[PDB]
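Just one chain follows, in the form deposited in one PDB entry, and it is written as structure tokens.
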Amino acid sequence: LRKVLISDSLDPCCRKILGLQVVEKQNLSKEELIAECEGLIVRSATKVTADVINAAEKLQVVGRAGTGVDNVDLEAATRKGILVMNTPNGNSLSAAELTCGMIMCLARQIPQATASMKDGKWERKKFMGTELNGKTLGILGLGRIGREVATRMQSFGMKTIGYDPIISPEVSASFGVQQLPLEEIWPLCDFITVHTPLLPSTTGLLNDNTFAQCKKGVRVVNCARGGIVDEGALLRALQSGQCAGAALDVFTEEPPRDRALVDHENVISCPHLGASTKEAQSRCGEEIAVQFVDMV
């Protein structure tokens, strides 16, 4: 009991919140400083695989300063009776703000315009944009991030529709989201943003079939989880012009090995920057350290 190890670049608040003692290092190999301590606090870079869990028998708790636990093997943790804790609310506003920024960039081609300007060109006829006022935005997944995207985009005069099998049409109405059966959403949207968890039913939620049901020239945003938008189906939709543009923060493989999507003229992307703000990092670091201190 009580002794923590930080193996990733975290906010200094995570350290000052003590609890008792903390040892902090960065960019360690699988071989690392392999002496770990009873506690382990990670972000995304440090891999908490089966081997490191087995090599550190003294380790009692693994904590992640962020959403989800993709870099932590849950099966190997439950094997040695190690509890896994994360910060599901620490990134909410930053992921929502980034999603909103992506919609803006898609409607006005801001990254492409910046690239063209840097290429020494002044081509204003090429970049004929779209006004968001009066356009329909479809929000798939009406949790915390989906709700924050909605209220922000409502200020732009966007019609906010969507679907969530957990959030009732009455509850989504109270935050201005008109809920319709999923099949009725696709033909009405000018823009689609996904905020569903990664699940068997949501894997390829946007596929060749659902893209065919979309309004020709639809714009798609994925700042949630890699795989919700079928990457193969998205490319085919961009090549045909069924999808006029796409904004991607997340990918099925990180970094993406397949470059066809990233290299597309109508595709704007970010290297998983959803939670990459000093505010979300400080919140995630604070929320993980306090639940580690909470131990009695």
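The term rigid core refers to the most C-alpha atoms you can superpose between the two forms while keeping them within 1.5 Å. The first residue of the sequence shown is number 1, and the count goes up from there.
According to the PDB entry, the deposited sequence contains 1 to 3 residues between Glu36 and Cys37 that lack coordinates. Missing deposited residues between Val23 and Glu24: none, as the chain runs unbroken there. Legend: mean Cα B-factor per stretch from the PDB entry, 136-144 versus 74-82; the higher mean is in 74-82. In this entry, 119-127 shows the higher mean Cα temperature factor of the pair 119-127 and 179-187.
Of the residues listed, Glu32, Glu254, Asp249, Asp263, the entry assigns the biggest Cα temperature factor to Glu32. The deposited CA B-factor of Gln242 belongs to the middle third of values across its chain.
In the deposited entry, the Cα temperature factor of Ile53 places it in the highest third of its chain's modelled residues. Among the modelled residues of the chain, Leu235 sits in the middle third by CA temperature factor in this PDB entry.
In the PDB entry, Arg15 places in the highest third of its chain by CA B-factor. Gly157 sits in the lowest third of its chain by CA B factor, as recorded in the PDB entry.
The protein also exists as the form deposited in another entry; that form is not presented, and the subsequent description refers to it.
For the set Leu28, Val262, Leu235, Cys270, a Cα shift of at least 2 angstroms between this form and the one not shown, after rigid core superposition, holds for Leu28 and for no other residue.
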